[PDB]
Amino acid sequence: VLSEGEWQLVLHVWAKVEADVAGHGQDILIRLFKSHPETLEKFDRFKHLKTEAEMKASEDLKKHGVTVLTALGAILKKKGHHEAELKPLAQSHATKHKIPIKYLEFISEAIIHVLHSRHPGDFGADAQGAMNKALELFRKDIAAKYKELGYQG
């Protein structure tokens, strides 16, 4: 359970993201795909991209980055009271997209890295710890829905 102080730290940096959702989403997906190439293989939509320059030039990848970060922002802004938002996301990622929980750890690391790069003055250690806790809460709650459905592994 995050404290109100931890949520404020999370949402203070998140408000900076919402100034350039698309640039953040590109940086985060690209870092994900470079750091963990097995993730790229889950996107039939993107698996033709073989270089970081190709990734940066894909408007379709930039669109998906906005989709991802818009869904994550709506979850974060519920401060934990996010059951309605997670249900559908867990269900599609477990049963349709077939995304292991570990890959949600990987994209959480990429989000934290990108926020540190773009917002260092609002992403000191206190805020990095709080965002780590927020993303852990996201993964914990998704993992409980995966387990229900027979996908926690």
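Position 1 is the first residue in the sequence shown; the rest follow in order.
Item to complete: Could you check the entry and say whether 28-36 or 84-92 has the higher mean CA B-factor?
Response: Looking at the recorded C-alpha B-factors, 84-92 comes out higher on average.
Item to complete: Return whichever of 63-71 and 38-46 has the greater mean Cα B factor according to the PDB record.
Response: So the stretch with the higher mean C-alpha B-factor is 38-46.
Practice prompt. Using the temperature factors in the entry, find which of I101, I107, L115, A127 has the highest value at its Cα atom.
Written response: In the PDB entry, the greatest C-alpha B-factor among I101, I107, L115, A127 is found at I101.
Fill in: B-factor third for the C-alpha atom of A134 within its chain
For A134, whose C-alpha B-factor we compare with every modelled residue in the chain, the answer is the lowest third.
Worksheet item: Ranked by Cα temperature factor within the chain, is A143 in the lowest third, the middle third or the highest third?
Response: Middle third, going by the recorded CA B-factors of the chain.
Fill in: Entry-reported Cα temperature factor of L11, expressed as the chain third it lands in
Lowest third, going by the recorded CA B-factors of the chain.
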